[PDB]
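Peer 1:
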Ligand SMILES: [Cl-]
């Protein structure tokens with residue numbers, strides 16, 4: 606059973 | 003002295019600490035991002051069965067599909083680490 610996810614790094 | 007900050011996790015609390023530990027040993031051993039990522043990927047394929055994927059760096063966004071309970075995205079110091087199982 607799967608699921609979709611985002612990630613983003615902190616702004617630099 | 004790298005501070006662990008978990009930003010988003012769909013993963014049991016034990017594995018989250020295990021993930022942070024294995025990433026800690028990877029940063030202790032390697033300095034290049036792909037090498038850190040390979041260390042975490044291979045150890046998780048072994049300790050938790052295939053198939054894991056790992057991305058290490060300071061500037062990136064992602065969109066991935068992952069088995070439930072097998073996703074973590076955390077900072078170890080200034081380095082960001084995305085670890086997850088798909089397949
Ligand atoms: Cl994020």
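Residue numbers (the deposited numbering), protein chains in the order written: chain B, 606 to 617; chain A, 3 to 89. Virtual Cβ for every residue (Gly too), placed ideally from N, Cα, C.
Quick check: the region 76-84 of chain A against the region 54-62 of chain A, are at least 3 beta-carbon pairs closer than 8 Å?
Peer 2: Enough Cβ pairs lie closer than 8 Å, so yes.
Peer 1: Can you name the start and end residues of the alpha helix (DSSP H) that residue 50 of chain A belongs to?
Peer 2: Here residue 50 of chain A corresponds to residue number 48 of the second chain, with the count starting at 1. 35-50 is the extent of the alpha helix (DSSP H) around residue 50 of chain A.
Peer 1: If you reduce the DSSP assignment to three classes, tell me which class residue 23 of chain A lands in.
Peer 2: Position 21 of the second chain, counting from 1, holds the residue named residue 23 of chain A. Of the three classes helix, strand and coil, the one that applies to residue 23 of chain A here is helix, per DSSP.
Peer 1: Tell me whether residue 78 of chain A, by its Cβ, gets closer than 7 Å to a heavy atom of ligand 1.
Peer 2: The residue given as residue 78 of chain A occupies position 76 in the second chain. For ligand 1, not one heavy atom lies less than 7 Å from the Cβ of residue 78 of chain A.
Peer 1: With distances taken from each beta carbon to the nearest heavy atom of ligand 1, which residues come in below 5 Å, in chain order?
Peer 2: Any residue whose Cβ sits closer than 5 Å to a heavy atom of ligand 1 makes the list: B/612 and B/613.
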